[PDB]
Amino acid sequence: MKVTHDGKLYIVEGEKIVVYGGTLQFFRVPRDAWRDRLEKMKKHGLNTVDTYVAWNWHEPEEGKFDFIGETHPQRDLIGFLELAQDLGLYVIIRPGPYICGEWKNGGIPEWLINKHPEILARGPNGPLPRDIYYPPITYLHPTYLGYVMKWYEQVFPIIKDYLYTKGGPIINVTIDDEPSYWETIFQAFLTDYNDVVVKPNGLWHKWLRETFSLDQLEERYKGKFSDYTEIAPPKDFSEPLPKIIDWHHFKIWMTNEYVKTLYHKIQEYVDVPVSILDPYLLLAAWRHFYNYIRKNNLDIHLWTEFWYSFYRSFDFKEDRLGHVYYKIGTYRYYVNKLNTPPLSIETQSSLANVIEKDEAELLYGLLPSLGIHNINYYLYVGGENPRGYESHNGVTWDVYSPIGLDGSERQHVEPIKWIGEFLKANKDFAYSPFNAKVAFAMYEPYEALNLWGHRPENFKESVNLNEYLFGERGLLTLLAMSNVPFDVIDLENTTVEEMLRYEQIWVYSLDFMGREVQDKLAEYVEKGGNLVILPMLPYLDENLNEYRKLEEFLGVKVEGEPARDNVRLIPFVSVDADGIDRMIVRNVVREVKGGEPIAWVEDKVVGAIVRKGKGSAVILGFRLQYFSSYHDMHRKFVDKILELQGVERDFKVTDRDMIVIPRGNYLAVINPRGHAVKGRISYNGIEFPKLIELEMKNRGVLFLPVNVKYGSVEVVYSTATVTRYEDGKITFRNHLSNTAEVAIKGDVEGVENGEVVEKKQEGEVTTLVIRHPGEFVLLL
Ligand SMILES: [Cl-]
């Protein structure tokens, strides 16, 4: 029968499942080894196998298709689908045409590029070099699209036959791969100057015509123009910044058009959910993706991925919390609006030299914590590249995969196993809320500036948002580490009504901010919102014309020298505040004039709070960042800002190094630090544990039940994660401490694999302290 969904979980024959998967690229693993690798995968508790189908592998020469391994054992797609169904695994199939994968041309046949070079995307002064990885292709070139349709016509009859709805194992089809214009969208002027794009009345002139009036282009580029065809694409940073942002948005539109063409062809063959991974390889630009699929009525499931370390030892510590909170807050914003299940189809399990289990646990544990409860680990099964098909790794496709090319099991399987068990045993976790009091509000054009690293010529503010916002010392890392879980909203898409769901919104500002955005933020405050804005107020609009509406509304001026980019000339400044002694900040600090002062550098006020209408705004003349110290003034200052604006955390911890992310009846409890944390949690009118403290000896993640029912018993609280429930047996796991506290409403028959060293009965509640080697069973 059917594959459907309820916006939290996929539903197969009307059964809710948690997709818990690994990637096994059949075409890079010996055929002799497939059954072995899939059985180990099942043994680790995976219910799904992901694989690409590579156009250039199954069509090695124009017209010569092989899906049965006539020609090479590993060309046997049919056989791989048959075995996956035989062992009772679901399949996610990603048939491209582009599959990335560190694979020659990202799946695009060499014969195609050699036959039709006219399809190749061009630089502004001529062709790109031909020996670069993933030779960039003009997506909308008719010859390219004609050849893709040829590929889809061959692989989609097979996919169709192995769909869950046709009796097969395939539950999802993914479009292309993180379509990014072949990873060229990171550079303003690398692509694409192909004739179809740039000829008079080409895609560029068409897009301008559809997006803008000439009267708008005149204000925006500050020229006169009597026709759209007079406007050449920008090729360098002498050109108006608005026109370069437009060029960026225009590449994203060609990508959207590409995807729509693929979706329409796929829809002729497929009646299961259709997905896409990380459009454009961007985050804030997902506003364009959302708008495009809404406008074009495309039922595409947005899925995401986590990559943190490339061709070095895996490095996943406290430093990453900003970026992960940001990326998953952004993802959570979009899948909540689209009402599709959150899924990470590529969770890093390879391409780092060594993946240490406590660092892997922190990443893997954070996905469900922040709302991604469907998980595929990439790459799960180590392989080897057939000769001719190498790109990024030469021979090897076993860079610390959970299962090696030799079939060994590596250390990061431990966290992969127990998280699966927990998600399977607690499907209610999938339906849990994320009740953020606080939002970070992102302004998408800033993403583009940060991406390119070009500081506009008279900008008073740095475009290094990796340093000041996203990275290891970023504002967002500070908020994470200050125990402020946050949502992410897009300032252009959000309505004031949506903004008013948040007790507090943080905005990072540069020189320019769109008029509609500057107005909504003022109205947010007017209507009872609490804005925090730094390290300046904008004084320009989206055309870079004077616009200071937010600054006139708040009645404050933020004056100071422009920020410096020469690392030697970046000043250090000590900021005092009530209860705060010389909090270090970096780069120039601005005088905040007006409001009630809350932060000063000696004589000078550098931070203030104002009340406007029903609400308040905190204006900081500096870049607040995550610095760690005994004195810990940065986290203390965040606390003061939330108290100033009356923002109330749903929870308290006695050790502020213990990160808690409340999820209704579950607490995601996180030690991100490489040291022990020990303390108690206050949540939902209770404080626990009461008899012992909650000890996390090292880095790791717990998911603790608070008032969760298991059959006729309720777990009032646990210092250990429930990994399994059978009739009368609950299994608890805590590898971070040898002492667990459990409070139970129900009849406790006993404990397997643990000794009860303490017991209290208060009315209906049995409380036990259990000493255990890392896992114990309660009998009820
Ligand atoms: Cl070979």
# chains A, B, ... in the order shown; residues from 1 in each chain; ligands from 1
$ residues_near_ligand --ligand "ligand 1" --cutoff "10 Å" --atoms "only C-alpha atoms and all ligand atoms" --output "number ranges by chain"
A: 28, 30, 72-74, 384-389, 395
$ closest_atom_pairs --of "region 175-274 of chain A" --to "region 545-553 of chain A" --cutoff "10 Å" --atoms "only C-alpha atoms" --output "JSON lines"
{"residue": "A:219", "atom": "CA", "partner": "A:545", "partner_atom": "CA", "distance": 8.8}
{"residue": "A:220", "atom": "CA", "partner": "A:545", "partner_atom": "CA", "distance": 8.8}
{"residue": "A:222", "atom": "CA", "partner": "A:545", "partner_atom": "CA", "distance": 9.8}
$ select_by_dssp --residues "region 529-708 of chain A" --states "strand (DSSP E or B)" --output "PyMOL selection string"
chain A and resi 530-534+540+546+557-559+572-577+580-586+591-593+596-601+604-612+615-620+623+651-653+659-663+666-671+677-679+681-683+686-688+694-696+700-708
$ write_last_selection --atoms "C-alpha atoms" --output "PDB file, in the first residue's frame"
ATOM      1  CA  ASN A 530      12.013  42.558  23.269  1.00  0.00           C
ATOM      2  CA  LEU A 531      14.704  43.193  20.648  1.00  0.00           C
ATOM      3  CA  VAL A 532      18.432  42.767  21.210  1.00  0.00           C
ATOM      4  CA  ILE A 533      20.394  44.354  18.373  1.00  0.00           C
ATOM      5  CA  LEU A 534      24.187  44.674  17.819  1.00  0.00           C
ATOM      6  CA  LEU A 540      20.937  52.166   4.796  1.00  0.00           C
ATOM      7  CA  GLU A 546      19.908  56.522   3.742  1.00  0.00           C
ATOM      8  CA  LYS A 557      22.335  56.849  17.988  1.00  0.00           C
ATOM      9  CA  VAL A 558      25.195  54.308  17.687  1.00  0.00           C
ATOM     10  CA  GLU A 559      28.363  56.270  16.664  1.00  0.00           C
ATOM     11  CA  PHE A 572      40.514  44.790  22.469  1.00  0.00           C
ATOM     12  CA  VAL A 573      37.927  46.651  24.690  1.00  0.00           C
ATOM     13  CA  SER A 574      36.867  45.861  28.312  1.00  0.00           C
ATOM     14  CA  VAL A 575      33.106  46.466  28.867  1.00  0.00           C
ATOM     15  CA  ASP A 576      31.593  46.955  32.348  1.00  0.00           C
ATOM     16  CA  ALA A 577      27.848  46.524  33.195  1.00  0.00           C
ATOM     17  CA  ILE A 580      29.908  42.638  34.981  1.00  0.00           C
ATOM     18  CA  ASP A 581      33.672  43.484  35.389  1.00  0.00           C
ATOM     19  CA  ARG A 582      35.603  44.150  32.088  1.00  0.00           C
ATOM     20  CA  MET A 583      33.942  41.646  29.749  1.00  0.00           C
ATOM     21  CA  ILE A 584      36.431  41.432  26.803  1.00  0.00           C
ATOM     22  CA  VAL A 585      35.091  42.379  23.355  1.00  0.00           C
ATOM     23  CA  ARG A 586      36.979  42.534  20.044  1.00  0.00           C
ATOM     24  CA  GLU A 591      28.968  54.942  21.702  1.00  0.00           C
ATOM     25  CA  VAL A 592      25.215  54.165  22.319  1.00  0.00           C
ATOM     26  CA  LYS A 593      23.550  57.622  22.844  1.00  0.00           C
ATOM     27  CA  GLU A 596      19.040  53.788  29.829  1.00  0.00           C
ATOM     28  CA  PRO A 597      22.792  52.882  29.888  1.00  0.00           C
ATOM     29  CA  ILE A 598      23.519  49.165  30.705  1.00  0.00           C
ATOM     30  CA  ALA A 599      27.201  48.842  29.525  1.00  0.00           C
ATOM     31  CA  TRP A 600      30.117  51.346  29.555  1.00  0.00           C
ATOM     32  CA  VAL A 601      33.823  51.631  28.716  1.00  0.00           C
ATOM     33  CA  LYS A 604      31.396  56.087  27.550  1.00  0.00           C
ATOM     34  CA  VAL A 605      28.018  54.299  27.310  1.00  0.00           C
ATOM     35  CA  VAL A 606      28.308  51.390  24.778  1.00  0.00           C
ATOM     36  CA  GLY A 607      25.000  49.655  25.525  1.00  0.00           C
ATOM     37  CA  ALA A 608      21.519  50.842  26.473  1.00  0.00           C
ATOM     38  CA  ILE A 609      17.931  49.664  26.873  1.00  0.00           C
ATOM     39  CA  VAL A 610      14.855  51.621  25.658  1.00  0.00           C
ATOM     40  CA  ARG A 611      11.121  51.015  26.090  1.00  0.00           C
ATOM     41  CA  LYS A 612       9.023  51.779  22.983  1.00  0.00           C
ATOM     42  CA  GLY A 615       8.123  46.578  24.322  1.00  0.00           C
ATOM     43  CA  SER A 616      11.889  47.081  24.823  1.00  0.00           C
ATOM     44  CA  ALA A 617      15.147  47.094  22.815  1.00  0.00           C
ATOM     45  CA  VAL A 618      18.719  46.502  23.997  1.00  0.00           C
ATOM     46  CA  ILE A 619      21.215  48.186  21.638  1.00  0.00           C
ATOM     47  CA  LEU A 620      24.852  47.047  21.962  1.00  0.00           C
ATOM     48  CA  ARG A 623      30.187  42.293  19.055  1.00  0.00           C
ATOM     49  CA  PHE A 651      14.429  25.384  33.323  1.00  0.00           C
ATOM     50  CA  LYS A 652      17.356  25.929  35.753  1.00  0.00           C
ATOM     51  CA  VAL A 653      20.607  23.925  36.250  1.00  0.00           C
ATOM     52  CA  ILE A 659      23.174  22.261  28.564  1.00  0.00           C
ATOM     53  CA  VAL A 660      19.414  21.435  28.780  1.00  0.00           C
ATOM     54  CA  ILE A 661      17.077  21.505  25.732  1.00  0.00           C
ATOM     55  CA  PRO A 662      13.505  20.970  26.919  1.00  0.00           C
ATOM     56  CA  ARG A 663      11.325  18.884  24.587  1.00  0.00           C
ATOM     57  CA  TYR A 666      11.827  14.829  27.435  1.00  0.00           C
ATOM     58  CA  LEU A 667      14.971  16.776  28.443  1.00  0.00           C
ATOM     59  CA  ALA A 668      17.916  16.581  26.026  1.00  0.00           C
ATOM     60  CA  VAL A 669      20.800  16.889  28.588  1.00  0.00           C
ATOM     61  CA  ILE A 670      24.173  17.681  26.988  1.00  0.00           C
ATOM     62  CA  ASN A 671      27.744  17.877  28.249  1.00  0.00           C
ATOM     63  CA  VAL A 677      29.620  18.208  34.817  1.00  0.00           C
ATOM     64  CA  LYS A 678      27.518  17.457  37.932  1.00  0.00           C
ATOM     65  CA  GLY A 679      24.264  19.003  39.176  1.00  0.00           C
ATOM     66  CA  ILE A 681      17.731  20.309  36.833  1.00  0.00           C
ATOM     67  CA  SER A 682      14.596  22.341  37.730  1.00  0.00           C
ATOM     68  CA  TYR A 683      11.907  21.712  35.107  1.00  0.00           C
ATOM     69  CA  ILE A 686      10.256  19.563  39.780  1.00  0.00           C
ATOM     70  CA  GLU A 687      13.982  19.454  40.684  1.00  0.00           C
ATOM     71  CA  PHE A 688      15.828  16.150  40.131  1.00  0.00           C
ATOM     72  CA  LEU A 694      23.290  14.162  37.718  1.00  0.00           C
ATOM     73  CA  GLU A 695      26.955  13.236  36.859  1.00  0.00           C
ATOM     74  CA  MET A 696      28.163  13.399  33.197  1.00  0.00           C
ATOM     75  CA  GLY A 700      27.858  13.070  25.877  1.00  0.00           C
ATOM     76  CA  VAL A 701      24.081  13.321  25.490  1.00  0.00           C
ATOM     77  CA  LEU A 702      21.199  11.990  27.600  1.00  0.00           C
ATOM     78  CA  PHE A 703      17.461  12.136  26.777  1.00  0.00           C
ATOM     79  CA  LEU A 704      15.732  12.048  30.144  1.00  0.00           C
ATOM     80  CA  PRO A 705      11.985  11.212  30.553  1.00  0.00           C
ATOM     81  CA  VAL A 706       9.908  13.659  32.678  1.00  0.00           C
ATOM     82  CA  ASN A 707       6.417  12.272  33.466  1.00  0.00           C
ATOM     83  CA  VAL A 708       6.536   9.705  30.557  1.00  0.00           C
TER      84      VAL A 708
END
$ residues_around --residues "region 491-495 of chain A" --least-positions-apart "3" --cutoff "8 Å" --atoms "only C-alpha atoms" --output "list in words"
residues 287, 441, 442, 443, 444, 498, 499, 516, 517 and 520 of chain A
$ closest_residue --among "A:362, A:53, A:413, A:293" --to "residue 350 (chain A)" --atoms "only C-alpha atoms"
A:413
$ atom_distance --atom1 "CA of residue 536 (chain A)" --atom2 "CA of residue 472 (chain A)"
21.8 Å
$ atom_distance --atom1 "CA of residue 382 (chain A)" --atom2 "CA of residue 23 (chain A)"
9.5 Å
$ closest_residue --among "A:114, A:393, A:138, A:172" --to "residue 343 (chain A)" --atoms "only C-alpha atoms"
A:172
$ residues_around --residues "residue 15 (chain A)" --least-positions-apart "2" --cutoff "10 Å" --atoms "only C-alpha atoms" --output "PDB file with C-alpha atoms, in the first residue's frame"
ATOM      1  CA  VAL A   3       4.049   5.760   2.036  1.00  0.00           C
ATOM      2  CA  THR A   4       2.675   8.864   3.718  1.00  0.00           C
ATOM      3  CA  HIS A   5       3.632  11.213   6.641  1.00  0.00           C
ATOM      4  CA  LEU A   9       7.233  10.712  10.869  1.00  0.00           C
ATOM      5  CA  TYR A  10       6.889   8.824   7.576  1.00  0.00           C
ATOM      6  CA  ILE A  11       4.035   6.285   7.708  1.00  0.00           C
ATOM      7  CA  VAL A  12       4.334   2.975   5.838  1.00  0.00           C
ATOM      8  CA  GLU A  13       1.104   0.910   5.483  1.00  0.00           C
ATOM      9  CA  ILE A  17       8.379   4.540  11.639  1.00  0.00           C
TER      10      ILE A  17
END
$ residues_around --residues "region 190-207 of chain A" --least-positions-apart "3" --cutoff "6 Å" --atoms "only C-alpha atoms" --output "PyMOL selection string"
chain A and resi 121-124+187+210+228-229
$ write_last_selection --atoms "C-alpha atoms" --output "PDB file, in the first residue's frame"
ATOM      1  CA  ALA A 121      29.085  26.878 -17.410  1.00  0.00           C
ATOM      2  CA  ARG A 122      31.511  29.747 -18.148  1.00  0.00           C
ATOM      3  CA  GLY A 123      33.409  32.353 -16.191  1.00  0.00           C
ATOM      4  CA  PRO A 124      33.088  36.062 -16.931  1.00  0.00           C
ATOM      5  CA  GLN A 187      31.833  32.887  -5.495  1.00  0.00           C
ATOM      6  CA  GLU A 210       9.859  39.115 -13.818  1.00  0.00           C
ATOM      7  CA  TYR A 228      16.071  45.415 -19.208  1.00  0.00           C
ATOM      8  CA  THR A 229      18.457  44.253 -22.025  1.00  0.00           C
TER       9      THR A 229
END
$ residues_around --residues "region 288-292 of chain A" --least-positions-apart "6" --cutoff "10 Å" --atoms "only C-alpha atoms" --output "MDAnalysis selection string"
chainID A and resid 249 252:253 255:257 260 278:280 298 300 302 334:335 337:338 444 493
